[PDB]
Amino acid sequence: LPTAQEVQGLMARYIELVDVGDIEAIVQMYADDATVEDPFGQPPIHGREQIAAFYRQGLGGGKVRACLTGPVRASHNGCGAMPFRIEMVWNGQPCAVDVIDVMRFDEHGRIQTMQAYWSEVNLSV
């Protein structure tokens, strides 16, 4: 189980990978039986191929940017939460979404569960 400091690192690393848009690197951060709920409230997606397809859909557009908007909050049980902003292009319009990701890591330092909190109230132009 990642220490709190290690959770901070992994979670910041995740945002960095999203920001440069390395899909393969993002998918490698996940455990084989990981789940992704994004946005939280929608049914979880499971399976490495499914998670790759998710990130391909989301980031494969090319110009998606992401950055922490505050420090990573980390627990002593391998979990953490972080606020960030995603910038992307919607219908040729620049737009942004404010998100919080909650993650649990497994004993191998891999993401076991990802929950992304956001909705239309968090979307702007």
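Start at 1 with the first residue shown and count on from there.
*Asks:* Between 55 to 63 and 37 to 45, which has the larger average Cα B-factor in the PDB entry?
*Replies:* Mean C-alpha B-factor is greater for 55 to 63.
*Asks:* Test of understanding: from the entry's C-alpha B-factors, which stretch has the higher mean, 70 to 78 or 46 to 54?
*Replies:* Taking the mean C-alpha B-factor of 70 to 78 and of 46 to 54, the larger value falls to 46 to 54.
*Asks:* Which one, 100, 27, 97, 89, has the peak C-alpha temperature factor per the PDB entry?
*Replies:* Comparing C-alpha B-factors across 100, 27, 97, 89, the maximum falls on 89.
*Asks:* By the recorded C-alpha temperature factor, relative to the other modelled residues in its chain, which third is residue 124 in?
*Replies:* For residue 124, whose C-alpha B-factor we compare with every modelled residue in the chain, the answer is the highest third.
*Asks:* Mind checking which third residue 7 falls in for C-alpha B-factor across the chain?
*Replies:* CA B-factor rank for residue 7: lowest third.
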